[PDB]
Protein chains: 2
Amino acid sequence: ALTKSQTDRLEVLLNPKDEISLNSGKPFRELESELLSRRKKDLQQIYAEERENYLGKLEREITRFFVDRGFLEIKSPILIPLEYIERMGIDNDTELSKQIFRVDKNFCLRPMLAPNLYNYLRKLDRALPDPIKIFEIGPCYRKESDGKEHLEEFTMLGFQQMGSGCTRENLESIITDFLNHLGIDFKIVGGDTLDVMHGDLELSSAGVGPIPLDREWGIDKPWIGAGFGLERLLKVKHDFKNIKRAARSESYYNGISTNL
Amino acid sequence: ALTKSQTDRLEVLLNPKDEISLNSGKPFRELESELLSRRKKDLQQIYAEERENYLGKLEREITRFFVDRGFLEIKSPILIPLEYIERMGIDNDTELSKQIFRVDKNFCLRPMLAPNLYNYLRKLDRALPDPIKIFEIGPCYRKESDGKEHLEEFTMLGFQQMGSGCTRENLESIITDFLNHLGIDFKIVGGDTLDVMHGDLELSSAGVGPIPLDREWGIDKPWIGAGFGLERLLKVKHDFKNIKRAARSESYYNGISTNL
Ligand SMILES: Nc1ncnc2c1ncn2[C@@H]1O[C@H](COP(=O)(O)OP(=O)(O)NP(=O)(O)O)[C@@H](O)[C@H]1O
Ligand SMILES: Nc1ncnc2c1ncn2[C@@H]1O[C@H](COP(=O)(O)OP(=O)(O)NP(=O)(O)O)[C@@H](O)[C@H]1O
Ligand SMILES: N[C@@H](Cc1csc2ccccc12)C(=O)O
Ligand SMILES: N[C@@H](Cc1csc2ccccc12)C(=O)O
Ligand SMILES: [Mg+2]
Ligand SMILES: [Mg+2]
Ligand SMILES: [Mg+2]
Ligand SMILES: [Mg+2]
């Protein structure tokens, strides 16, 4: 009989597509040797053939998808003024206030893309024709309780369109085309707001403006937008049991354990 | 005569390829109106035609270049244990110790890619055939004095090869092919170490191992590697006078002022 410690070890080495039962009559040492051999070969095949990281490749695919639909690619600061958090309406009553990684007296690791995207919408409205369509992909940071669906360091896609065409129907069409393009199953459930669910897992929250918060950011036009976690998309696509297999990590490469 | 404040404002709106003299007999208001019109049209052309961010696009081009040469694409944590810094031999005597953005009691924003790349080399050596070639592109953080060549939030390329073929000649060949591919002029000047210079500007530091530090990271094979700042490459390629035009920013998009 395997110990729970031994089964923990085998589960680290187990890939979703593996056809192995750890409840068999096989000794730990030889189940482990089998899985070690398979994972080494998996890494060898990646190194020989494609060599691209899941998170980088997904960012590049998403980037191509939004650029092709007319959205401008933004890369804004990850280290942001703490003031931006308060100006988003996040006060101690809100959950997110206690999730902030503070850095100095006045700065934090951004937990969200909305402040920077607001600032870009306001500035670009002076230069670009209506409608203004922008997106960003990059690191975001939140303190979280241990969870199979949460990372403290994750990667967010945020997109926003401002001006004409900012209907709920158009927002749902973007989301739907996007997830059908990636091959990810979803249901949309719904200051209009909606969530994009995969079972009980939240892939995205989306919104339709105007909302009263817009005025603090110098925004006075309708808008639609949404934010998606890349690691949650990878977790669904590859059927990972824990989102740590999709994270920036020293412990996993493309969902394969690096502790061999 | 223009005030220095007025010339500061015009210089924000001035692009390197602009054929305008601020030392002319033209009034500020109409020099400003001219440059505002040009910068709005520049942004309009980006939005109409390509829509890609300089920093994202450069990362993707570099990524294609190293993947095609057989390097595995790594995406490792940006928030790293503070311990990694000490284990790199960075003590109070070294300059970098006081440049660290600390986050909690035990974590920091990585100022460098070497710790994570060391850990990947050690782990992948159990699985991959000799030689082991890896690279990473992503955010790094250092506290710096105000400078035309330094950002506190920048983007690093780091690559490393371990095992056979780890000669200085091979390292110089990679660097040379890489910068000739990007169209960036350079001179290589030289525990063997060398710097890749563009005039007085350091594009890269590179190294040849083994070095004694390797043992602390579980490394006991020869290696070659280098690190490059992406914003410095953009600054050179686009002839920006200040590296802030190439940064993750709310103030510049592809080197164009967003304050129009
Ligand atoms: N800690 C996290 N780890 C991974 N992805 C995350 C995390 N927090 C948010 N995301 C993703 O970012 C999207 C937009 O953020 P947001 O709507 O603020 O999330 P949220 O409401 O806190 N979701 P949740 O914490 O799961 O109830 C989410 O739908 C997730 O896909
Ligand atoms: N603050 C920074 N802003 C932008 N790029 C940077 C910064 N620090 C380092 N880099 C880049 O990263 C490369 C490798 O880092 P490193 O060799 O540690 O730099 P460095 O020795 O501190 N260079 P410098 O500070 O200019 O004398 C450098 O050659 C630069 O291209
Ligand atoms: N609130 C999260 C997700 C998000 C980015 S743009 C955006 C627009 C509408 C809804 C959500 C988002 C965030 O601010 O990152
Ligand atoms: N020291 C910097 C640059 C770098 C990355 S891998 C590497 C290998 C050799 C020399 C430099 C580097 C760093 O650690 O990021
Ligand atoms: Mg949450
Ligand atoms: Mg949500
Ligand atoms: Mg320095
Ligand atoms: Mg150096």
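Chain identifiers are assigned alphabetically (A, B, ...) following the order of the sequence lines, protein sequences preceding nucleic acid strands; residue numbering begins at 1 within each chain.
- When heavy atoms are compared at a cutoff of 4.5 Å, A/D42 does not approach chain B at all.
- For chain A, the option among B/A247, B/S76, B/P77, B/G56 with the highest count of heavy-atom pairs below 4.5 Å is B/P77.
- Distance NZ/A/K123 to CG/B/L43: 12.0 Å, rounded to 0.5 Å.
- Of the possible polar contacts, none joining the A/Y47 side chain to the B/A127 backbone as a donor-acceptor pair under 3.5 Å is found.
- Heavy-atom contacts from other residues, nucleotides or ligands closer than 6.0 Å to CG of B/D146 number 12 or fewer.
- Annotation: maximal heavy-atom pairing with chain B below 4.5 Å, among A/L55, A/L109, A/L124, occurs at A/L109.
- Within residues 147-158 of chain A, the residues having any heavy atom less than 4.5 Å from a heavy atom of chain B are, in residue-number order, A/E153.
- Contact tally against chain B (heavy-atom pairs below 4.5 Å) for A/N119, A/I78, A/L79: the top residue is A/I78.
- Chain B forms the most heavy-atom pairs under 4.5 Å with one residue out of A/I46, A/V103, A/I137, and that residue is A/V103.
- Against chain A, the residues from residues 248-260 of chain B that qualify, each with a non-hydrogen atom under 4.5 angstrom away, are B/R248, B/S249, B/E250, B/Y252, B/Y253, B/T258, B/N259, B/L260 in number order.
- Put simply, of B/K75, B/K133, B/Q44, B/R39, the one with the most heavy-atom pairs under 4.5 Å next to chain A is B/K75.
- In this structure, OG1 in B/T63 is found 9.5 Å from CG in A/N53, a value given to the nearest 0.5 Å.
- Of the listed residues (B/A48, B/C108, B/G138, B/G70), the greatest number of heavy-atom pairs within a distance under 4.5 Å of chain A belongs to B/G70.
- Heavy atoms from other residues, nucleotides or ligands lying under 6.0 Å from CZ of B/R126 number 12 at most.
- Contacts of B/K41 with chain A are absent, with no heavy-atom separation under 4.5 Å from either backbone or side chain.
- Atom NZ of B/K244 has 12 or fewer neighbouring heavy atoms from other residues, nucleotides or ligands inside a 6.0 Å radius.
- Heavy atoms closer than 4.5 Å to chain A are found in the side chain of B/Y141, but not in its backbone.
- A donor-acceptor pair is defined here as one N or O able to donate and one able to accept, closer than 3.5 Å; no such pair exists between the side chain of A/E73 and the backbone of B/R51.
- No side-chain heavy atom of B/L72 sits under 4.5 Å from any side-chain heavy atom of A/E50.
- In this structure, no portion of B/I134 lies under 4.5 Å from any heavy atom of chain A.
- One distance of note links CZ of A/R64 with CD of B/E52; it measures 4.5 Å at 0.5 Å rounding.
- The contact between B/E136 and chain A is made entirely by side chain atoms (from C-beta outward), counting heavy-atom distances below 4.5 Å.
- Contact of B/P139 with chain A is made through the side chain alone, with heavy-atom distances under 4.5 Å.
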